[PDB]
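Q: This is coords-v3.cif, which holds mmCIF, C-alpha atoms and all ligand atoms:
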data_my_file
loop_
_atom_site.label_atom_id
_atom_site.label_comp_id
_atom_site.auth_asym_id
_atom_site.auth_seq_id
_atom_site.Cartn_x
_atom_site.Cartn_y
_atom_site.Cartn_z
CA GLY T 99 -162.22 -17.71 -70.86
CA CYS T 100 -164.22 -19.71 -68.21
CA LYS T 101 -162.36 -20.09 -64.89
CA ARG T 102 -163.74 -23.36 -63.35
CA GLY T 103 -161.50 -26.42 -63.64
CA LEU T 104 -160.56 -29.67 -61.87
CA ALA T 105 -157.31 -31.20 -60.65
CA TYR T 106 -157.83 -34.96 -61.32
CA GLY T 107 -156.30 -37.66 -63.51
CA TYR T 108 -158.87 -40.54 -63.57
CA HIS T 109 -161.97 -39.19 -65.35
CA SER T 110 -164.29 -41.63 -67.11
CA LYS T 111 -166.50 -40.45 -69.99
CA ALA T 112 -169.49 -40.45 -67.66
CA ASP T 113 -167.57 -38.43 -65.04
CA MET T 114 -166.73 -35.76 -67.62
CA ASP T 115 -170.38 -35.82 -68.91
CA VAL T 116 -171.67 -34.67 -65.47
CA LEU T 117 -168.84 -32.16 -64.73
CA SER T 118 -168.69 -30.50 -68.24
CA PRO T 119 -171.83 -28.30 -67.83
CA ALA T 120 -169.59 -25.87 -65.74
CA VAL T 121 -166.08 -27.43 -65.49
CA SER T 122 -164.44 -26.12 -68.66
CA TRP T 123 -160.83 -27.33 -68.18
CA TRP T 124 -158.72 -29.80 -66.21
CA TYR T 125 -155.20 -30.98 -65.64
CA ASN T 126 -153.75 -34.23 -64.28
CA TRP T 127 -150.10 -33.50 -63.25
CA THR T 128 -148.76 -34.99 -66.53
CA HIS T 129 -148.84 -33.97 -70.25
CA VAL T 130 -151.24 -36.51 -71.82
CA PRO T 131 -154.93 -36.48 -70.96
CA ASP T 132 -156.70 -39.18 -68.82
CA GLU T 133 -156.94 -42.50 -70.66
CA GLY T 134 -160.73 -42.77 -70.12
CA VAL T 135 -161.51 -39.60 -72.22
CA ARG T 136 -158.69 -39.64 -74.85
CA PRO T 137 -158.05 -38.92 -77.63
CA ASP T 138 -161.42 -37.48 -78.74
CA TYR T 139 -164.17 -37.52 -76.06
CA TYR T 140 -163.02 -34.50 -74.00
CA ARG T 141 -162.58 -32.52 -77.24
CA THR T 142 -166.08 -33.42 -78.43
CA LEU T 143 -167.43 -32.16 -75.00
CA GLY T 144 -165.32 -28.97 -75.43
CA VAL T 145 -163.36 -29.36 -72.18
CA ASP T 146 -159.82 -27.96 -72.36
CA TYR T 147 -156.86 -30.19 -71.31
CA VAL T 148 -153.89 -28.32 -69.75
CA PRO T 149 -150.59 -30.23 -69.81
CA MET T 150 -147.91 -30.01 -67.05
CA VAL T 151 -144.12 -30.58 -66.76
CA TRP T 152 -144.30 -31.87 -63.16
CA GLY T 153 -140.60 -31.89 -62.32
CA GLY T 154 -136.99 -31.43 -63.28
CA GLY T 155 -135.89 -35.06 -63.80
CA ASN T 156 -134.68 -36.51 -67.11
CA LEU T 157 -135.16 -33.09 -68.72
CA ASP T 158 -133.16 -31.91 -71.82
CA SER T 159 -133.88 -30.69 -75.43
CA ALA T 160 -134.73 -34.26 -76.60
CA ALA T 161 -137.28 -34.63 -73.73
CA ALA T 162 -138.74 -31.20 -74.62
CA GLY T 163 -139.23 -32.43 -78.20
CA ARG T 164 -140.96 -35.62 -77.05
CA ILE T 165 -143.30 -33.74 -74.67
CA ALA T 166 -144.15 -31.24 -77.46
CA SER T 167 -145.08 -34.10 -79.89
CA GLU T 168 -147.10 -35.99 -77.12
CA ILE T 169 -149.22 -33.08 -75.78
CA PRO T 170 -152.53 -33.29 -77.66
CA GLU T 171 -153.68 -31.05 -80.49
CA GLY T 172 -155.67 -28.14 -79.07
CA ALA T 173 -153.49 -27.29 -76.06
CA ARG T 174 -153.15 -23.59 -75.21
CA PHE T 175 -151.39 -23.55 -71.78
CA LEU T 176 -148.47 -25.35 -70.05
CA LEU T 177 -148.08 -25.66 -66.30
CA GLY T 178 -144.62 -25.55 -64.72
CA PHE T 179 -143.21 -27.72 -61.93
CA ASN T 180 -145.46 -28.92 -59.10
CA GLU T 181 -144.56 -27.65 -55.58
CA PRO T 182 -140.77 -27.42 -56.25
CA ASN T 183 -140.32 -25.83 -52.80
CA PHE T 184 -141.40 -29.13 -51.17
CA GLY T 185 -138.79 -31.90 -50.71
CA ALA T 186 -141.54 -34.50 -51.24
CA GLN T 187 -142.72 -32.97 -54.58
CA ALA T 188 -140.60 -31.53 -57.53
CA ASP T 189 -137.86 -30.66 -54.95
CA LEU T 190 -135.98 -27.91 -56.88
CA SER T 191 -134.37 -24.74 -55.47
CA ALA T 192 -135.67 -21.54 -57.14
CA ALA T 193 -132.25 -21.39 -58.88
CA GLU T 194 -132.50 -25.00 -60.20
CA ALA T 195 -136.12 -24.46 -61.36
CA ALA T 196 -134.99 -21.26 -63.22
CA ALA T 197 -132.00 -23.10 -64.80
CA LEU T 198 -134.27 -25.92 -66.15
CA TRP T 199 -137.04 -23.49 -67.25
CA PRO T 200 -135.57 -23.27 -70.79
CA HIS T 201 -136.77 -26.87 -71.45
CA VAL T 202 -140.31 -25.97 -70.27
CA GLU T 203 -140.25 -22.75 -72.33
CA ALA T 204 -138.96 -24.70 -75.38
CA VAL T 205 -142.11 -26.95 -75.25
CA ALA T 206 -144.41 -23.88 -74.96
CA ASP T 207 -142.61 -21.99 -77.77
CA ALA T 208 -142.78 -25.01 -80.10
CA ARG T 209 -146.54 -25.58 -79.41
CA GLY T 210 -147.74 -21.94 -78.98
CA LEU T 211 -148.66 -22.30 -75.26
CA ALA T 212 -148.96 -19.61 -72.57
CA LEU T 213 -146.84 -20.54 -69.46
CA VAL T 214 -147.89 -20.92 -65.80
CA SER T 215 -145.09 -20.62 -63.21
CA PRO T 216 -144.09 -23.51 -60.97
CA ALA T 217 -146.96 -23.88 -58.45
CA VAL T 218 -146.17 -22.93 -54.82
CA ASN T 219 -147.71 -23.13 -51.32
CA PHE T 220 -146.59 -22.68 -47.71
CA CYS T 221 -144.36 -25.63 -46.65
CA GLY T 222 -143.96 -26.60 -42.97
CA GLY T 223 -141.96 -29.85 -43.18
CA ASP T 224 -139.11 -31.06 -45.46
CA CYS T 225 -138.91 -27.74 -47.35
CA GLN T 226 -136.42 -26.29 -49.84
CA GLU T 227 -138.28 -23.03 -49.08
CA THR T 228 -141.08 -22.59 -46.48
CA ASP T 229 -142.34 -19.22 -47.81
CA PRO T 230 -144.08 -19.36 -51.23
CA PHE T 231 -143.79 -15.59 -51.84
CA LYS T 232 -140.05 -15.76 -51.23
CA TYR T 233 -139.71 -18.77 -53.52
CA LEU T 234 -141.42 -16.88 -56.36
CA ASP T 235 -139.32 -13.68 -55.77
CA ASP T 236 -136.21 -15.91 -55.96
CA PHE T 237 -137.43 -17.80 -59.05
CA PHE T 238 -138.15 -14.54 -60.98
CA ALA T 239 -134.75 -13.16 -59.96
CA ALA T 240 -133.06 -16.35 -61.20
CA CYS T 241 -135.28 -16.51 -64.37
CA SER T 242 -134.89 -12.82 -65.42
CA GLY T 243 -135.07 -13.59 -69.19
CA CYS T 244 -137.73 -16.30 -68.92
CA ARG T 245 -141.28 -16.22 -70.30
CA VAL T 246 -143.86 -16.72 -67.46
CA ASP T 247 -147.42 -15.54 -68.36
CA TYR T 248 -149.19 -16.50 -65.08
CA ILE T 249 -148.33 -17.47 -61.46
CA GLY T 250 -149.44 -20.98 -60.19
CA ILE T 251 -150.61 -21.26 -56.54
CA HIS T 252 -152.05 -23.91 -54.25
CA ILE T 253 -154.13 -22.97 -51.14
CA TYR T 254 -155.38 -25.35 -48.46
CA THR T 255 -156.82 -23.74 -45.29
CA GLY T 256 -159.13 -24.71 -42.51
CA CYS T 257 -162.85 -24.67 -43.29
CA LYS T 258 -164.22 -22.04 -40.82
CA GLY T 259 -162.86 -18.73 -42.14
CA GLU T 260 -163.97 -15.45 -40.47
CA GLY T 261 -167.52 -14.45 -39.58
CA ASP T 262 -169.93 -15.64 -42.27
CA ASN T 263 -167.20 -16.11 -44.94
CA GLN T 264 -165.96 -19.69 -44.53
CA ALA T 265 -163.38 -19.04 -47.31
CA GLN T 266 -161.81 -15.94 -45.64
CA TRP T 267 -158.47 -17.65 -44.89
CA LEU T 268 -158.15 -18.62 -48.62
CA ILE T 269 -159.17 -15.07 -49.64
CA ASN T 270 -156.53 -13.57 -47.38
CA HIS T 271 -153.81 -15.67 -49.07
CA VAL T 272 -154.98 -14.64 -52.58
CA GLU T 273 -154.87 -10.98 -51.40
CA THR T 274 -151.20 -11.51 -50.32
CA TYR T 275 -150.26 -12.92 -53.77
CA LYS T 276 -152.13 -9.94 -55.38
CA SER T 277 -150.00 -7.44 -53.36
CA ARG T 278 -146.69 -9.33 -53.78
CA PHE T 279 -146.94 -9.88 -57.60
CA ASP T 280 -148.54 -8.22 -60.65
CA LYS T 281 -149.02 -11.22 -62.91
CA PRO T 282 -152.42 -13.00 -63.18
CA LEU T 283 -152.94 -16.05 -61.02
CA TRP T 284 -154.06 -19.70 -61.53
CA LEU T 285 -155.21 -21.35 -58.31
CA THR T 286 -154.42 -24.92 -59.49
CA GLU T 287 -155.32 -26.76 -56.24
CA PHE T 288 -157.62 -25.78 -53.34
CA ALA T 289 -159.97 -27.31 -50.77
CA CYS T 290 -160.35 -26.94 -47.00
CA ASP T 291 -158.31 -29.36 -44.89
CA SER T 292 -160.22 -29.53 -41.53
CA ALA T 293 -163.75 -30.64 -42.59
CA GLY T 294 -165.48 -32.34 -39.60
CA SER T 295 -168.54 -32.93 -41.83
CA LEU T 296 -169.54 -32.61 -45.46
CA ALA T 297 -171.50 -29.38 -44.58
CA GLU T 298 -168.19 -27.69 -43.52
CA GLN T 299 -166.51 -28.36 -46.92
CA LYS T 300 -169.67 -27.32 -48.82
CA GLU T 301 -169.95 -23.89 -47.06
CA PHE T 302 -166.21 -23.27 -47.70
CA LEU T 303 -166.59 -24.20 -51.42
CA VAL T 304 -169.60 -21.91 -51.96
CA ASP T 305 -167.83 -18.85 -50.38
CA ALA T 306 -164.55 -19.64 -52.17
CA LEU T 307 -166.15 -19.74 -55.62
CA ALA T 308 -168.10 -16.46 -55.02
CA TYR T 309 -164.74 -14.75 -54.36
CA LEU T 310 -162.75 -16.48 -57.13
CA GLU T 311 -165.38 -15.88 -59.86
CA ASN T 312 -165.49 -12.13 -59.10
CA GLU T 313 -161.68 -11.57 -58.54
CA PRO T 314 -160.22 -10.41 -61.85
CA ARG T 315 -156.58 -11.37 -60.90
CA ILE T 316 -157.72 -15.11 -60.75
CA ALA T 317 -157.70 -16.27 -64.41
CA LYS T 318 -158.44 -20.00 -63.57
CA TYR T 319 -159.05 -22.17 -60.55
CA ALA T 320 -159.13 -26.00 -60.05
CA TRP T 321 -160.73 -27.83 -57.11
CA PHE T 322 -158.84 -30.73 -55.53
CA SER T 323 -160.25 -33.24 -56.51
CA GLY T 324 -162.57 -35.58 -58.48
CA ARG T 325 -161.90 -38.44 -56.00
CA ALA T 326 -159.57 -37.73 -53.08
CA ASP T 327 -158.63 -40.19 -50.29
CA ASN T 328 -156.67 -37.83 -47.94
CA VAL T 329 -158.49 -34.47 -47.86
CA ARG T 330 -161.67 -35.17 -45.93
CA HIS T 331 -164.93 -34.48 -47.83
CA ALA T 332 -163.06 -32.97 -50.84
CA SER T 333 -164.26 -35.48 -53.51
CA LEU T 334 -166.74 -34.25 -56.16
CA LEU T 335 -167.52 -37.71 -57.60
CA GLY T 336 -169.00 -40.93 -56.18
CA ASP T 337 -169.86 -43.87 -58.46
CA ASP T 338 -168.93 -43.71 -62.17
CA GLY T 339 -170.68 -40.67 -63.70
CA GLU T 340 -172.27 -39.52 -60.41
CA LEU T 341 -171.69 -36.16 -58.74
CA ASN T 342 -171.96 -36.25 -54.98
CA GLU T 343 -173.57 -33.30 -53.09
CA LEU T 344 -170.25 -31.38 -53.17
CA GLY T 345 -169.87 -31.99 -56.94
CA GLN T 346 -173.41 -30.72 -57.49
CA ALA T 347 -172.52 -27.48 -55.55
CA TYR T 348 -169.33 -27.08 -57.64
CA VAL T 349 -171.15 -27.53 -60.99
CA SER T 350 -174.22 -25.44 -60.00
CA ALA T 351 -172.34 -22.44 -58.47
CA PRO T 352 -172.80 -19.08 -60.35
CA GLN T 353 -170.10 -18.18 -62.97
CA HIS T 354 -168.72 -14.73 -63.96
CA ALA T 355 -169.05 -13.84 -67.73
CA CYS T 356 -169.48 -17.53 -68.90
CA CA T 401 -132.51 -37.73 -62.98
CA CA T 402 -170.92 -18.60 -45.45
CL CL T 403 -162.06 -40.91 -77.03
#
How does the structure come out when it is put into structure tokens?
A:
Amino acid sequence: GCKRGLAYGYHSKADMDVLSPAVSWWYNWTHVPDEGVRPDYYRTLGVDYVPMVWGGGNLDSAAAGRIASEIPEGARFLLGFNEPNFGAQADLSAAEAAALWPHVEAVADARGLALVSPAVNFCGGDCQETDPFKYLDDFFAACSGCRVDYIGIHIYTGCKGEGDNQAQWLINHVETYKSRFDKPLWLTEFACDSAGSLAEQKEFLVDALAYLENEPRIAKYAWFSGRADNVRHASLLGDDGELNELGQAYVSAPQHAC
């Protein structure tokens, strides 16, 4: 249904009150929703929680059972491993990710969840695989019998883009995924990474959402993040329950069919 989500794990009730007019889903890199809004408040607001299996550690049938019984009632999706191609994140070869996928698929089969691939991006340092398109080709080869409904991607570019479209470098990467793969896409983290001022991140966000809302191959997208320390000007929230100017732009931006 509605595409606009958030990648954040520390929502308060008041935070979700001000986001929920347009932010219809979120995830938090684990499989149980943020303590501040659980077990009922997010459900009463009608915001969807999407669980994740972040990585490959401590994973077997017993763990799959536990995760399936801990994910809340109402789940419909399950995200696969986070940035496995990065040594500093889930740190799995495409072959290892494919070999452990049965545990992820066992959770989704038990609970009736649609599956998002492990989420990839370009890696430049400490990389199992630098090239995200290659990683995914290799994963699908190694996971030939596996259920994967959607492809997970992360994009972080500079803020200036091309001509009047400050999001052109992000658009160009989505167009590469669209040519390299046929499955629908979830853009589970994005922001620009060079913002010299708030105005630079705001113009990038506005042009990015106009593209993502109107691109049918993007099923869902999630801004990084509610409160971020290390991506300059990327936070949406200030004080408890207060959107900042960037949050207001994210909530107010036009939506496709929704
Ligand atoms: Ca281990
Ligand atoms: Ca512009
Ligand atoms: Cl609650």
Q: Any idea what's packed within 6 Å of residue T:319, counting only C-alpha atoms, ignoring anything in its chain fewer than 5 positions away? Could you give it as a ChimeraX atom specification?
A: /T:101-103,284-286
Q: Counting all atoms listed in the file, give me one row per residue of chain T with an atom at most 6 Å from an atom of ligand CL 403 (chain T), showing the shortest contact pair and its distance in Å to one decimal, sorted by chain then residue number, as a Markdown table.
A:
| residue | atom | partner | partner_atom | distance |
| --- | --- | --- | --- | --- |
| T:135 | CA | T:CL403 | CL | 5.0 |
| T:136 | CA | T:CL403 | CL | 4.2 |
| T:137 | CA | T:CL403 | CL | 4.5 |
| T:138 | CA | T:CL403 | CL | 3.9 |
| T:139 | CA | T:CL403 | CL | 4.1 |
Q: Suppose you want the space between atom CA of residue T:356 and atom CA of residue T:99; what is it in Å?
A: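 It comes out at 7.5 Å.
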Q: Contacts between stretch 252-256 of chain T and stretch 291-328 of chain T, please, where a residue of stretch 291-328 of chain T counts if it comes within 12 Å (with only C-alpha atoms); show its shortest atom pair and distance in Å to one decimal, rows by chain and ascending number, as a tab-separated table.
A:
residue	atom	partner	partner_atom	distance
T:291	CA	T:256	CA	5.3
T:292	CA	T:256	CA	5.0
T:293	CA	T:256	CA	7.5
T:294	CA	T:256	CA	10.3
T:298	CA	T:256	CA	9.6
T:299	CA	T:256	CA	9.3
T:301	CA	T:256	CA	11.8
T:302	CA	T:256	CA	8.9
T:303	CA	T:255	CA	11.5
T:306	CA	T:253	CA	11.0
T:318	CA	T:252	CA	12.0
T:319	CA	T:252	CA	9.6
T:320	CA	T:252	CA	9.4
T:321	CA	T:252	CA	9.9
T:322	CA	T:254	CA	9.5
Q: Which residue, T:239, T:116, T:193, T:217, has the smallest gap to residue T:150 when you use all atoms listed in the file?
A: T:217
Q: Return as a PyMOL selection string the residues of protein, DNA or RNA that approach ligand CA 402 (chain T) to within 8 Å, with all atoms listed in the file taken into account.
A: chain T and resi 261-265+301-302+304-305
Q: At what distance in Å, to one decimal, does atom CA of residue T:213 lie from atom CA of residue T:194?
A: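 For atom CA of residue T:194 relative to atom CA of residue T:213, the distance reads 17.6 Å.
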Q: Point out the residue among T:165, T:173, T:188, T:308 with the least atom-to-atom distance to ligand CA 401 (chain T), counting all atoms listed in the file.
A: T:188
Q: Using all atoms listed in the file, which residue out of T:311, T:171, T:132, T:203 lies closest to residue T:151?
A: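 Among the listed residues, the smallest separation from residue T:151 belongs to T:203.
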Q: Calculated over all atoms listed in the file, which of the candidates T:269, T:225, T:251, T:157 has the smallest distance to residue T:184?
A: T:225
Q: From the options T:338, T:146, T:287, T:236, which residue's atoms come nearest to residue T:192, counting all atoms listed in the file?
A: T:236
Q: Calculate how many Å separate atom CA of residue T:331 from atom CA of residue T:258, rounding to one decimal.
A: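 It comes out at 14.3 Å.
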Q: Determine the nearest neighbour of residue T:208 from the options T:130, T:283, T:164, T:196, counting all atoms listed in the file.
A: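 Among the listed residues, the smallest separation from residue T:208 belongs to T:164.
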Q: Could you give me, as a PyMOL selection string, every polymer residue with an atom at most 8 Å away from an atom of ligand CA 401 (chain T), counting only C-alpha atoms and all ligand atoms?
A: chain T and resi 154-157
Q: Output C-alpha atoms of each residue in that selection to a file, as a CSV table (one decimal), in the coordinates of the input.
A:
chain,number,residue,atom,x,y,z
T,154,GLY,CA,-137.0,-31.4,-63.3
T,155,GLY,CA,-135.9,-35.1,-63.8
T,156,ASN,CA,-134.7,-36.5,-67.1
T,157,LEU,CA,-135.2,-33.1,-68.7
Q: Skip residue T:118 itself and residues of its chain fewer than 2 positions away, then list as an MDAnalysis selection string all residues within 12 Å of it, counting all atoms listed in the file.
A: chainID T and resid 100 102:104 109 111:116 120:124 139:146 339 341 345:346 348:350
Q: At most 12 Å from (-131.2, -31.0, -73.4), file frame, all atoms listed in the file: which residues, as an mmCIF file with C-alpha atoms, keeping the file's coordinate frame?
A:
data_model
loop_
_atom_site.group_PDB
_atom_site.id
_atom_site.type_symbol
_atom_site.label_atom_id
_atom_site.label_comp_id
_atom_site.auth_asym_id
_atom_site.auth_seq_id
_atom_site.Cartn_x
_atom_site.Cartn_y
_atom_site.Cartn_z
ATOM 1 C CA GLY T 154 -136.990 -31.430 -63.280
ATOM 2 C CA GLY T 155 -135.890 -35.060 -63.800
ATOM 3 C CA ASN T 156 -134.680 -36.510 -67.110
ATOM 4 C CA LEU T 157 -135.160 -33.090 -68.720
ATOM 5 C CA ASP T 158 -133.160 -31.910 -71.820
ATOM 6 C CA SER T 159 -133.880 -30.690 -75.430
ATOM 7 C CA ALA T 160 -134.730 -34.260 -76.600
ATOM 8 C CA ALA T 161 -137.280 -34.630 -73.730
ATOM 9 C CA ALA T 162 -138.740 -31.200 -74.620
ATOM 10 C CA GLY T 163 -139.230 -32.430 -78.200
ATOM 11 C CA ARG T 164 -140.960 -35.620 -77.050
ATOM 12 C CA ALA T 197 -132.000 -23.100 -64.800
ATOM 13 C CA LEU T 198 -134.270 -25.920 -66.150
ATOM 14 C CA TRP T 199 -137.040 -23.490 -67.250
ATOM 15 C CA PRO T 200 -135.570 -23.270 -70.790
ATOM 16 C CA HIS T 201 -136.770 -26.870 -71.450
ATOM 17 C CA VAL T 202 -140.310 -25.970 -70.270
ATOM 18 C CA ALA T 204 -138.960 -24.700 -75.380
ATOM 19 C CA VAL T 205 -142.110 -26.950 -75.250
#
Q: Because the input lacks atoms here, generate N, CA, C and O atoms for stretch 261-279 of chain T and report them as a PDB file, in the coordinates of the input.
A:
ATOM      1  N   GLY T 261    -166.116 -14.817 -39.540  1.00  0.00           N
ATOM      2  CA  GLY T 261    -167.520 -14.450 -39.580  1.00  0.00           C
ATOM      3  C   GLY T 261    -168.299 -15.371 -40.460  1.00  0.00           C
ATOM      4  O   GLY T 261    -168.099 -16.578 -40.369  1.00  0.00           O
ATOM      5  N   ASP T 262    -169.072 -14.841 -41.374  1.00  0.00           N
ATOM      6  CA  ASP T 262    -169.930 -15.640 -42.270  1.00  0.00           C
ATOM      7  C   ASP T 262    -169.182 -16.083 -43.525  1.00  0.00           C
ATOM      8  O   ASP T 262    -169.818 -16.801 -44.334  1.00  0.00           O
ATOM      9  N   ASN T 263    -167.924 -15.733 -43.702  1.00  0.00           N
ATOM     10  CA  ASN T 263    -167.200 -16.110 -44.940  1.00  0.00           C
ATOM     11  C   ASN T 263    -166.269 -17.245 -44.594  1.00  0.00           C
ATOM     12  O   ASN T 263    -165.220 -17.039 -44.043  1.00  0.00           O
ATOM     13  N   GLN T 264    -166.736 -18.468 -44.897  1.00  0.00           N
ATOM     14  CA  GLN T 264    -165.960 -19.690 -44.530  1.00  0.00           C
ATOM     15  C   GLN T 264    -164.686 -19.798 -45.345  1.00  0.00           C
ATOM     16  O   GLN T 264    -163.776 -20.528 -44.969  1.00  0.00           O
ATOM     17  N   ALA T 265    -164.589 -19.018 -46.458  1.00  0.00           N
ATOM     18  CA  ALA T 265    -163.380 -19.040 -47.310  1.00  0.00           C
ATOM     19  C   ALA T 265    -162.417 -17.863 -46.972  1.00  0.00           C
ATOM     20  O   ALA T 265    -161.447 -17.691 -47.704  1.00  0.00           O
ATOM     21  N   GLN T 266    -162.619 -17.164 -45.850  1.00  0.00           N
ATOM     22  CA  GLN T 266    -161.810 -15.940 -45.640  1.00  0.00           C
ATOM     23  C   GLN T 266    -160.321 -16.252 -45.563  1.00  0.00           C
ATOM     24  O   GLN T 266    -159.506 -15.390 -45.998  1.00  0.00           O
ATOM     25  N   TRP T 267    -159.909 -17.408 -45.024  1.00  0.00           N
ATOM     26  CA  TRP T 267    -158.470 -17.650 -44.890  1.00  0.00           C
ATOM     27  C   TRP T 267    -157.864 -17.857 -46.290  1.00  0.00           C
ATOM     28  O   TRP T 267    -156.718 -17.410 -46.524  1.00  0.00           O
ATOM     29  N   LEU T 268    -158.601 -18.499 -47.210  1.00  0.00           N
ATOM     30  CA  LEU T 268    -158.150 -18.620 -48.620  1.00  0.00           C
ATOM     31  C   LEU T 268    -158.091 -17.223 -49.289  1.00  0.00           C
ATOM     32  O   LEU T 268    -157.096 -16.948 -49.983  1.00  0.00           O
ATOM     33  N   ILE T 269    -159.148 -16.444 -49.092  1.00  0.00           N
ATOM     34  CA  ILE T 269    -159.170 -15.070 -49.640  1.00  0.00           C
ATOM     35  C   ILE T 269    -157.951 -14.289 -49.163  1.00  0.00           C
ATOM     36  O   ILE T 269    -157.273 -13.580 -49.988  1.00  0.00           O
ATOM     37  N   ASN T 270    -157.672 -14.337 -47.868  1.00  0.00           N
ATOM     38  CA  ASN T 270    -156.530 -13.570 -47.380  1.00  0.00           C
ATOM     39  C   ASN T 270    -155.224 -13.927 -48.067  1.00  0.00           C
ATOM     40  O   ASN T 270    -154.385 -13.093 -48.353  1.00  0.00           O
ATOM     41  N   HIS T 271    -155.020 -15.242 -48.307  1.00  0.00           N
ATOM     42  CA  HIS T 271    -153.810 -15.670 -49.070  1.00  0.00           C
ATOM     43  C   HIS T 271    -153.826 -15.145 -50.515  1.00  0.00           C
ATOM     44  O   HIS T 271    -152.759 -14.672 -50.989  1.00  0.00           O
ATOM     45  N   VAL T 272    -154.938 -15.240 -51.207  1.00  0.00           N
ATOM     46  CA  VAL T 272    -154.980 -14.640 -52.580  1.00  0.00           C
ATOM     47  C   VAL T 272    -154.661 -13.122 -52.519  1.00  0.00           C
ATOM     48  O   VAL T 272    -153.871 -12.663 -53.364  1.00  0.00           O
ATOM     49  N   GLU T 273    -155.154 -12.452 -51.514  1.00  0.00           N
ATOM     50  CA  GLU T 273    -154.870 -10.980 -51.400  1.00  0.00           C
ATOM     51  C   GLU T 273    -153.374 -10.807 -51.186  1.00  0.00           C
ATOM     52  O   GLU T 273    -152.797  -9.817 -51.717  1.00  0.00           O
ATOM     53  N   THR T 274    -152.645 -11.640 -50.461  1.00  0.00           N
ATOM     54  CA  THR T 274    -151.200 -11.510 -50.320  1.00  0.00           C
ATOM     55  C   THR T 274    -150.502 -11.682 -51.662  1.00  0.00           C
ATOM     56  O   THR T 274    -149.613 -10.867 -52.036  1.00  0.00           O
ATOM     57  N   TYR T 275    -150.853 -12.734 -52.420  1.00  0.00           N
ATOM     58  CA  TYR T 275    -150.260 -12.920 -53.770  1.00  0.00           C
ATOM     59  C   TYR T 275    -150.568 -11.625 -54.620  1.00  0.00           C
ATOM     60  O   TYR T 275    -149.666 -11.247 -55.386  1.00  0.00           O
ATOM     61  N   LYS T 276    -151.777 -11.097 -54.540  1.00  0.00           N
ATOM     62  CA  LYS T 276    -152.130  -9.940 -55.380  1.00  0.00           C
ATOM     63  C   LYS T 276    -151.247  -8.725 -55.044  1.00  0.00           C
ATOM     64  O   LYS T 276    -151.002  -7.910 -55.954  1.00  0.00           O
ATOM     65  N   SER T 277    -150.828  -8.584 -53.798  1.00  0.00           N
ATOM     66  CA  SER T 277    -150.000  -7.440 -53.360  1.00  0.00           C
ATOM     67  C   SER T 277    -148.536  -7.704 -53.666  1.00  0.00           C
ATOM     68  O   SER T 277    -147.767  -6.739 -53.843  1.00  0.00           O
ATOM     69  N   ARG T 278    -148.092  -8.965 -53.593  1.00  0.00           N
ATOM     70  CA  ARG T 278    -146.690  -9.330 -53.780  1.00  0.00           C
ATOM     71  C   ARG T 278    -146.297  -9.418 -55.245  1.00  0.00           C
ATOM     72  O   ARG T 278    -145.079  -9.228 -55.526  1.00  0.00           O
ATOM     73  N   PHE T 279    -147.230  -9.612 -56.156  1.00  0.00           N
ATOM     74  CA  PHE T 279    -146.940  -9.880 -57.600  1.00  0.00           C
ATOM     75  C   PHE T 279    -147.960  -9.117 -58.439  1.00  0.00           C
ATOM     76  O   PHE T 279    -149.037  -8.948 -57.954  1.00  0.00           O
TER      77      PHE T 279
END
